[PDB]
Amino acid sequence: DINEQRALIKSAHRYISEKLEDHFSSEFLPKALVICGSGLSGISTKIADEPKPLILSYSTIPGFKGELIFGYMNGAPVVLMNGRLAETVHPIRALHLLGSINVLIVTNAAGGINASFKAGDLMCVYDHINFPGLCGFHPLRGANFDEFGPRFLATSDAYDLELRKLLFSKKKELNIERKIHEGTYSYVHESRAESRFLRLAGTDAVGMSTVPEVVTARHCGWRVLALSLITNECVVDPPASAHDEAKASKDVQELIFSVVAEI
């Protein structure tokens, strides 16, 4: 089970590393993996046309259940995951074997739970609640990959302070007027009562991605920067009583483009 998972991770790396060497004139050693969430596939446009980026379809990569994009962004070599529990984070581990990536930048679309948030706002993630992981669906469940990281991983330090300071500094410099908050992302696998529960539980934004990748990247020792696009404000007010009578993506693109040059 872990033996087969290890072999598939090594096969994926083996394949990827070979394709890089055949494609690039110099060693390609990406400093970051960028995961483009829903509606944010335009991050790819920010990849320079020279040298010609390398594109591998997931179908072609051993053990990948979409495409991987290898190229330069603002002078830095990166990999983009265009589209996306053990198997869902397999790509992170396969890419870790390249031995160059030290930052995961992950973007997603999320529902606004914090009452201050409005659609179109951004939220830099500085904490998370991994609801399925508290219960029994967890990317690290099973035998530990001892070569990658520890059996018991702290997550109180999951969201790098310097990367967050960097993101905000870059926003003020490109003078982006879009609202950006800092808060807690809750991962779940939506009623008024459930949204109310999420709010009182401490949720600022909610969605069904990101956290398993953040946990897996942290397990590998990477730094993590995570950014949510608030697509809508969830309603928390009770139903009526029977007794009664893509502008965002553009901004995300430029933020990330700026960020990676200092990564």
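All residue numbers are counted from 1 along the displayed sequence.
> Pick one of none, 1 to 3, 4 to 9 or 10 or more for the number of deposited-sequence residues not modelled between residue 141 and residue 142.
None; the chain is continuous from residue 141 to residue 142.
> None, 1 to 3, 4 to 9, or 10 or more: how many residues of the deposited sequence lack coordinates between residue 31 and residue 32?
The entry has no unmodelled residues between residue 31 and residue 32.
> Averaging CA B factors per stretch from the PDB record, which one is higher: 101 to 109 or 180 to 188?
Between 101 to 109 and 180 to 188, it is 101 to 109.
> Averaging the C-alpha B factors as listed in the entry, name the stretch that ends up higher: 38 to 46 or 226 to 234.
Higher mean C-alpha B-factor: 38 to 46.
> Per the entry's Cα B factor values, which of 173, 146, 157, 121 stands out as the maximum?
Checking the PDB record, the top C-alpha B-factor among 173, 146, 157, 121 is at 173.
> Please work out which residue in 79, 153, 86, 92 has the highest C-alpha B-factor recorded for this crystal structure.
Across 79, 153, 86, 92, the entry lists the biggest C-alpha B-factor for 86.
> Divide the modelled residues of the chain into thirds by Cα B-factor and specify which third, lowest, middle or highest, holds residue 137.
Lowest third.
> What third of the chain, by the recorded C-alpha B-factor, contains residue 66?
For residue 66, whose C-alpha B-factor we compare with every modelled residue in the chain, the answer is the highest third.
> Residue 117's Cα B-factor: lowest, middle or highest third of the chain?
Middle third of the chain for residue 117's C-alpha B-factor.
> Ordered by C-alpha B-factor within the chain, which third holds residue 168? Give me lowest, middle or highest, please.
For residue 168, whose C-alpha B-factor we compare with every modelled residue in the chain, the answer is the middle third.
> Comparing against every modelled residue in the chain, figure out the third that the C-alpha B-factor of residue 221 lands in (lowest, middle or highest).
Middle third, going by the recorded CA B-factors of the chain.
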